[PDB]
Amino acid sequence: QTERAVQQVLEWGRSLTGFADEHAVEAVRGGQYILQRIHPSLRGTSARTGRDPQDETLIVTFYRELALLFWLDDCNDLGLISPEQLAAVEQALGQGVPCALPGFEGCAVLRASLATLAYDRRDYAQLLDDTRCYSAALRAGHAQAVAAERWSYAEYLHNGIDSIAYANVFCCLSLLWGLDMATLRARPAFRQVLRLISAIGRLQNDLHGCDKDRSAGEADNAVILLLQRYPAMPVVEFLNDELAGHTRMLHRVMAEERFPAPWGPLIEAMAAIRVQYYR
């Protein structure tokens, strides 16, 4: 249930400097959206895993990991905290250890729960890996926005695929419900869909907030970056065609490959989730 899930995310969230209520709220709303979409398929893996679709401890840990990702993003930008504080947080979340600086106890606590709940501990090691990748991409994008020289579209998109965090969302679901992502990752086509869906998410997100960012003066957005470098280029039309192109590619792969449940529906729910559905 929504309001309750939210309260539980909010109470854990109190042990993190810079945590806002919308962190919990966006987390629950986006996490709800995904779970509802994969529920029918998830119920099919239960019998094998012993992990129930509606298990309250699993669901709330998932929402807390989502809020952590939203919070971390804000830390890097709204500047809720310092590069030192952020570096300590990064080490805690990326290695699974107590944070060496005060004010971020919720970090060791969430990671500890994830470690204990992991169906396949490999997924926990993977999640730490994905966490370091995601925070490094937040830091790189943030620094690039005020750097002496501008990134190419290729660099932005590549970084944007890591900072959209879909890899993290998938890892966390596999960890909790035993989705065997480690095995799927051995498949090139699975890796390609992971990048495709992340790029779709990065592009939908940027196209959605470009007007706001344009007025506000925000350069960590594909539309602004391209408009700054290529004033004459029809940037929005281009990015929209890019989004359409990645979506077509994802469709060809999906139609050609068959991924064990619930990956097919998980992939499609992420492909469809817009940023306006939870922000």
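We number the residues from 1 along the sequence you see.
Asks: Output the stretch having the higher mean C-alpha B factor in the entry; the candidates are 101 to 109 and 161 to 169.
Replies: Here the higher of the two C-alpha B-factor means belongs to 101 to 109.
Asks: On average, which has the higher Cα B-factor in the deposited entry, 7 to 15 or 267 to 275?
Replies: Here the higher of the two C-alpha B-factor means belongs to 267 to 275.
Asks: For the C-alpha B-factor as written in the entry, point me to the maximum among 221, 61, 228, 215.
Replies: Across 221, 61, 228, 215, the entry lists the biggest C-alpha B-factor for 215.
Asks: Which of these has the highest Cα B-factor in the record: 233, 68, 249, 210?
Replies: Of the candidates given, the C-alpha B-factor peaks at 210.
Asks: Classify residue 47 as lowest, middle or highest third according to the C-alpha B-factor given in the PDB entry, relative to its own chain.
Replies: For residue 47, the deposited C-alpha B-factor lands in the highest third.
Asks: Using the temperature factors of the C-alpha atoms in this entry, rank residue 198 within its chain: lowest, middle or highest third.
Replies: As the PDB entry reports it, the C-alpha B-factor of residue 198 lands in the lowest third of its chain.
Asks: Lowest, middle or highest third: where is residue 141 by Cα B-factor in its chain?
Replies: According to the entry, residue 141 has a C-alpha B-factor in the chain's lowest third.
Asks: Where does the C-alpha B-factor of residue 95 rank in its chain, lowest, middle or highest third?
Replies: Its C-alpha B-factor belongs to the middle third of this chain's values.
Asks: Of the three thirds of its chain by CA temperature factor, lowest, middle or highest, which one includes residue 121?
Replies: Residue 121: CA B-factor falls in the highest third of its chain.
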